[PDB]
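A short worksheet on the structure shown next.
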Amino acid sequence: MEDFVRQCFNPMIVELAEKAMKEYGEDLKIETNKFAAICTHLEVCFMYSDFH
Amino acid sequence: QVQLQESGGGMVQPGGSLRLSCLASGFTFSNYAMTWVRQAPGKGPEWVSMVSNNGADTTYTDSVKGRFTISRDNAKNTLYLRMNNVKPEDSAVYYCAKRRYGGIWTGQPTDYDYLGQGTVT
Amino acid sequence: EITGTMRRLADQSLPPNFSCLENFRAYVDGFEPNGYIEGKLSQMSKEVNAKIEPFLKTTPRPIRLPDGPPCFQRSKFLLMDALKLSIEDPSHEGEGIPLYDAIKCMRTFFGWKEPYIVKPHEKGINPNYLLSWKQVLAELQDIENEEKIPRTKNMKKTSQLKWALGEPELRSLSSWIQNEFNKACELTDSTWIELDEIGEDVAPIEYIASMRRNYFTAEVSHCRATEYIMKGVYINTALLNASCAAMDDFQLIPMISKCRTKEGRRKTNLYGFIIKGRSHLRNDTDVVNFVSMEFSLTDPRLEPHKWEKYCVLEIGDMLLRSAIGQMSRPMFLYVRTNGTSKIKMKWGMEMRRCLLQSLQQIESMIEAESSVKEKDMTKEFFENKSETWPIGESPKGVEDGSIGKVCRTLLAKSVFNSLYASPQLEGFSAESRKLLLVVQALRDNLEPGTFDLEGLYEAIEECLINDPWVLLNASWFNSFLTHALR
Amino acid sequence: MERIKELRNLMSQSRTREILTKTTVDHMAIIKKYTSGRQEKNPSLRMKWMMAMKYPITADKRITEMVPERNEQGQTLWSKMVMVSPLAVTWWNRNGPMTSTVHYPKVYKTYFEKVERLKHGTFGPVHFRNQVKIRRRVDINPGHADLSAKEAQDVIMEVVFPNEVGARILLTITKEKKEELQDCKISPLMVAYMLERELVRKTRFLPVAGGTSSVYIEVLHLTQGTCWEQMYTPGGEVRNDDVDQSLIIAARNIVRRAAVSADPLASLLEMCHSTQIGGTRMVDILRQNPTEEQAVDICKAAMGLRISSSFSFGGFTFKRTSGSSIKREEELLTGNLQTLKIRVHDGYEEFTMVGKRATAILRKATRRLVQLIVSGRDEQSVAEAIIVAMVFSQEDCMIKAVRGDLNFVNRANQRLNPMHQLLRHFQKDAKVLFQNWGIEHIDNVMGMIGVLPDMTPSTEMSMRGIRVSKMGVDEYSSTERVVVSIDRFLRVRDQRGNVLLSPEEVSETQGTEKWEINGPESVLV
Amino acid sequence: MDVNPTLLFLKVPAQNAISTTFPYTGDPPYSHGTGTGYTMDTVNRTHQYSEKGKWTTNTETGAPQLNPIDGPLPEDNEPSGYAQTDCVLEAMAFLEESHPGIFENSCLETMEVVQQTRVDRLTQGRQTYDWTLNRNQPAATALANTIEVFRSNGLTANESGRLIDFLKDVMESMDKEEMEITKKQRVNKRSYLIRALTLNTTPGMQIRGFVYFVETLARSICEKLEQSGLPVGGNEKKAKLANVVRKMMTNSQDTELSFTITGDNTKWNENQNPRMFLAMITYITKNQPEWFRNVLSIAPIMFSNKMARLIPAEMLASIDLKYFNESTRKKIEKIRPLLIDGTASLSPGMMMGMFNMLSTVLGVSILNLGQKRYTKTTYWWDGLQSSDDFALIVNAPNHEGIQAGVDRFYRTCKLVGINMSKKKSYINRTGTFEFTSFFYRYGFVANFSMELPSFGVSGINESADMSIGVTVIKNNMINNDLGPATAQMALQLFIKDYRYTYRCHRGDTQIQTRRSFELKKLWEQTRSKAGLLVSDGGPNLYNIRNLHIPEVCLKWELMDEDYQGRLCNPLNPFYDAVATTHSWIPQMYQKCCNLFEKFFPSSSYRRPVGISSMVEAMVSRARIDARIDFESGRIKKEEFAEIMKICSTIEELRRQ
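Residue numbers (the deposited numbering), protein chains in the order written: chain A, 1 to 52; chain P, 1 to 121; chain H, 206 to 372, 398 to 716; chain G, 1 to 81, 89 to 177, 183 to 526, 537 to 547; chain R, 1 to 182, 208 to 226, 243 to 351, 368 to 631, 657 to 668, 687 to 756.
Right under this line is the structure:
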């Protein structure tokens, strides 16, 4: 799961989600689905806001 | 040097047996397949049998199946041929020869070396 | 989740100190490697210990052997005493109909005396066997009254045949199993093998592989154990192939083998007949009964205990050649009742492994002992008759033999292990490998030792009851320990 | 209309209508594996019983107008009810529809490749020997252009079933295969199996005794055995043993250039993005290539990828076998009266170091070397291995053997860490520590010899605590994957406090490639 | 003269020829092919190794259970199933201290497995036990029975496909009072509990997933331990034996004495207590999320309260003690109060072939406790562990303390439930020993699984069978190592079998089966003879050099051009397969799957991806195919209209 998430995304969104996960003691090793959901959220926001 | 001296032949009566031996010297024996090729007086030669290096793949003519048994012993580098139920038409001069390649079926039966002798009944 | 009616099992699975498994989980969360082991050791009794008993050449005592009645023969078919009925026919083995081959076997022998019962079963209806034999001969000669030849004769549901199909004690070692194995190790006149061709001989190892396997075949082809393997193959194959289509009626299956004498002519041999019961084989453990009637020339009156499961019928007289002309020795018929199943036949239709198992367990020896070589010692294994192998002890002394004797000896060992296959032999082999390894480590002088050697002796004596093959191996092992400077 | 009619007469029964309704497509594979599972009744014996029967083979209905009913000898090979006798095969095999379908050797190329390797596969002598197993990690596929399984089965779906291709709608082999075998299809499923067998790589751990390439492994039954060996060169070579080398060279050069950069991380990433390797892009290759090399691992770490616990030192990648550690900083005096602060590895530790041309197993105590088993190829190679081993040993013995000022500099004129300074000093002249290490008596057992300071093997004498293995040390490449913590200067730590790797040990082979490093013509263009 | 083959060991040592001692290649007739009484002996022996007054009547099954864990210490040397809890936890903690956080990486891999695992990984296995019929059935059959009987009730969580949802269904199932099985009407909650914990010879249907998870964790553990060489097969064990030798004997300044024991643990598998496994799993699941500990803790609790499936056995409750012999009477006496409702109760038990890898983990722990750091003494040991057959090497500076180290090993083994067999064990000096049929004498021989394959045909096809035979020969030549000449003999034996099975001998011999005429005419009309397939009466040129090439490609060069054009023609009516591909003559899920595959060919090759229902995809595919073969292709408009009317009939039908 984790390697695939790190595969299909740019390292900037990966770094953003990794820092945003150290916020509430939510360890990313266990909440990997939360990792995928947050990365999806950030890329959705970015591709939503781009070129406008 | 490569020489093939054969023996064991002689006169026999029809319906009997014979054990032809062929001694080869001068080359690596266990590597090459061997052949018995006979020639009747008046008719060109015809291959009698082709035997492998392992001694497991053997092939005879369409008219000698069941009557013959070809084999070889790698220790003394020698070739044995057992002929049983000698028909009158098997009366020809038999020849021991060393195949071009180490195979049996790769290429049609032809040889590239010398010869010894062969008896007639 | 782990809710009630399940946590109730979780709460009952803890060691006898807690009630809620959460207490145990919190106790596991905090653990202290303080050295509880040393306290537990000082608390445990000093008698709980692995006391090493030394192992010198004085410790091994010969194996205890059972005493009592002599062990008889339980093999499925006769090995050495059965004799062949040759036809020397080049039939091309074109699925040669196995029944008519047997009737032209019978066409080759004359001199059938009146069936004279000689040795009874010592328990049960003995004359039913000879009545069944008369029925056999009748239904054999009652084919010419049929407008159509059947390829397989379905025997009538006669009461004697119904009875023949059924519709531990400590037995001491006997003297004959060694002789059976010896005649299995002897050389014969025939070949018994159709070893199919193999491709060209490319250089590196296929030359070596050839000069190994063809040497082994030439030293093994004419062995009697090869005949035994082919015999078992043919009998079990015919039995199985009949057990499908003859699911209701008794079929007559000839014990036929094929070979080639040194004159190089195909020969068909007959050992006897076998009457099959019903073959409603639902599972692989389903039992099908059978009756074996095998020809022979060995009188049971010589060794009567061997034929305990047998009823013997003096069945005729044949021409017999000997060192002095003809002798005309009597021809006997051994009849026994037994049972087999699908697995019992398939282990016996795959008997050719006994060659492979031989070759590799020869080839194994040709690798390890030859691994210590820059250029491997492969031809020096053979062609050096000075190197002898110890295989026999007749005159209170080691009688070493040549190499082919060893090859055929290992082949016959595998053959008898397959035919006399018994879980007792399995256990004995498993438990004797250990003592052999200990003795071998002592031979290299590596100061070995055990804990309970008497326990191993107990375990070995627990699996020595009645099988003659196991007991022969046990006496062999005792003689081996005797001649190992021990 | 047959399929949809089956659907209709199937959807009327309720207990199947419900399951066709609820379960989705994603899960068909989880419902395909629901079988009765009993037809395992001696397949050889049932096969023989059916072959003994008349006409056991079942074919289609087009043989009625294709083969005759009775052959040249009146043999029956048909039926009616459609059973077929096996002799019918041999008839159609003799004189039937002869076709130019000899086009075959393009879909089955993966086998004729082996055939051709056997043709000019010159053989050699059999120097028998006690062959010892080398636990190596090798690939088992020849000539596949290094394509991963997912993108390869995507190419499969593209080339064999275009009307149901996958949903990724954002690649030259696709063109080649769709072009050359367009209308000459044989059996779609078997074609897909053949191309998935040809194009997909797979590298795993195998015990080998000298085989490196893919061609040297597919014939392992001829080369290796219990106690034998055959020198066999299959007169050829493949792409998948000299393609990953191009990526290795690219990573080496990229790191060597980024070490000079003011921002090594951003410059290295901008180079990796703007680099092409044989028609491809570097980022996807690094995401999917399982090649193990320091620079490659640095590039992977630059994008936050898990890699091994590699305790890389001097080009030798280390793997921990057992033992813990504690930092416990400590001061030390040199052999030239120089203070050095150092991270004294306390506790008991066990390591296995895998190198380029040599490997070893080490058991080491706090600043004391207990046991070390080494094996290499060249005399100087095992010498370098023993040098880096002694450097990592941290004993006081090697501390005393330091002679001269310790000023060794990076390409950017930087202070190297003390350990690497010692190693770089010892790598040029190490003859000071050998005669100052210590000699001991050994027993010359089990092909384990000792070495002398004068580059000489010895039977009963060796250096203190050393063992030289015959015919190779067993390698172990343990699989461990953990997240990395890259900094701006290309030094990676394992997030717990271990510096994993650094560029100070990258360069040994300037491979000739089988952004101003190419010719000035390339700078202009 | 008289013949004795074993005497051969006087000229050649044992390890050079130990393969002769192995009597059988395949399997002999099993003496216990039946039998309900020897199981009683197993039960009573298991309860004999645990008699320490720790009886507790279960709260939900009423079956008495023994709790001999951390019970009284043994006073006798005989096998005893009393292992102290603190000893087990201390050994596990010391393993973790020797390998930092290895358990956590193994747990991460186990979490990845439990996340990705569908229910298919529950079908890959041998025969299973269906509790629905109280009978042994194949895996998928019992699985589908359980699925249908759960769908009959209100348990439909496995519809997602993840095995964890099937486990959730299993959990919810044990809580229901009534269990109606499909005129059929069946048992209550209590009998359901009894069947759910019932084992045979063979795990229940529910426990298989949980045992798979525990074994995946044990696999991730054993892969990362050098001293545990169980998951590997073949030469890997060779290397793992050749390494530890140099790890022990090669000690500089040689005063050390290195002894090696080849041991075995008698009836060890019956002494491993499931509660101790619960404890060691709980310690392995330290600080992990609670749900994961709860998932992995299922199987040991099920084995703590587990029932053993045994005139039927169920009538053994109501009988007088005269109808049996003395020995059988005593054996039944000691089991009467334990059995309930025709099911035996076995608390401290564990069945052979369940936790072999976790047991190996425990053994490797008790092995690593001797690296001279946890012994605090001179002697130090290291070894290789299997399920029961372990091998140990202990090094000590003097021959006086080596027995003390052996005693430490045996005592600590007794402390963790490892009863070392004083019979099936022997010590010697380092350089010659045994480990799970692997033998070492300064060299190697690999007769572990040397049960050479089925020499005969595998029986599926003509080319598939030949390729299978030669490939298995090559595999046994590299994997289960055999010699080359033996490979030649086995190959020609298989070729003989394949020729006599398929009525294809050759066109060079005169022997004639039901087929040889056509083969010989084929030989006569062929020019270059070597190219002929064996199925087509050709010479066998397969040897060790070409044991890997499929038959077609090797002979492909040597065939005749007409032969090639007539052989491989895919427009034929019948590894590499050609027109000589027989497909010989030989209902809920597979029917749907086959119809789906007929709709989508890719479904037979790659696992499909799609959220729509099966019917919704099939209807659209049918409609599009109808459109395309109507417009560009050729089809009658009426057939199209009937296709779409049936499709709309389904559209109205899938809504009800």
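All residues carry an ideal CB built from backbone N, CA and C; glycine is no exception.
Within-8 Å CB hit, residue i to chain R
i      : result
P/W105 : yes
P/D73  : no
P/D90  : no
H/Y241 : yes
H/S280 : no
Cβ-based burial, residue i [other Cβ within 10 Å; buried from 16]
i                      : result
G/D60                  : exposed
residue 640 of chain R : Gap note for chain R: numbering proceeds from 631 to 657 with nothing in between, so residue 640 of chain R has no coordinates.
R/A374                 : exposed
R/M321                 : buried
G/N419                 : exposed
R/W55                  : exposed
residue 53 of chain A  : An answer regarding residue 53 of chain A cannot be provided, because it is not within the stretch 1 to 52 covered by chain A.
G/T76                  : exposed
Below-8 Å beta-carbon distance, residue i vs any chain A residue
i      : result
G/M315 : yes
G/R500 : no
R/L337 : no
Close-in-space but distant-in-sequence residues of the same chain around residue i (CB under 6 Å, 5 per side omitted)
i      : result
R/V502 : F496
Assumed close pair residue i, residue j - CB separation to whole angstroms, cut-off 8 Å
i      : j      : result
H/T357 : H/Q481 : 5 Å
R/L319 : H/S224 : That belief does not hold up - the Cβ atoms of R/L319 and H/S224 are roughly 15 Å apart, past 8 Å.
R/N44  : R/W309 : With 8 Å as the limit, R/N44 and R/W309 do not qualify as a contact, their Cβ atoms being about 18 Å apart.
Close beta carbons around residue i, own chain, < 7 Å, minus the five adjacent residues each side
i      : result
H/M557 : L550
R/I248 : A340 and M343
Other residues of its chain near residue i: CB distance less than 8 Å, five sequence neighbours each side excluded
i      : result
H/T639 : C415 and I621
G/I478 : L384, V386, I398, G462 and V463
Short CB-CB distance (under 8 Å) between residue i and chain G
i      : result
H/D606 : yes
A/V14  : yes
H/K603 : yes
With a threshold of 8 Å, are at least 3 pairs of Cβ atoms found where one atom belongs to the region 293-313 of chain R and the other to the region 447-464 of chain R? yes
I'd like to know if the region 528-545 of chain H and the region 362-371 of chain H are in contact, where contact means that at least 3 CB-CB pairs between them fall below 8 Å. no
With a cut-off of 8 Å, do at least 3 Cβ pairs link the region 544-552 of chain R to the region 55-72 of chain G? Output reads no: the region 55-72 of chain G does not touch the region 544-552 of chain R.
Taking 8 Å as the threshold, find out whether the region 139-156 of chain G comes into contact with the region 212-220 of chain G through three or more Cβ pairs. yes
How do the region 457-470 of chain H and the region 48-65 of chain P stand: do at least 3 beta-carbon pairs fall below 8 Å, yes or no? no
The region 336-347 of chain H touching the region 224-242 of chain H, judged by at least three CB pairs closer than 8 Å: no
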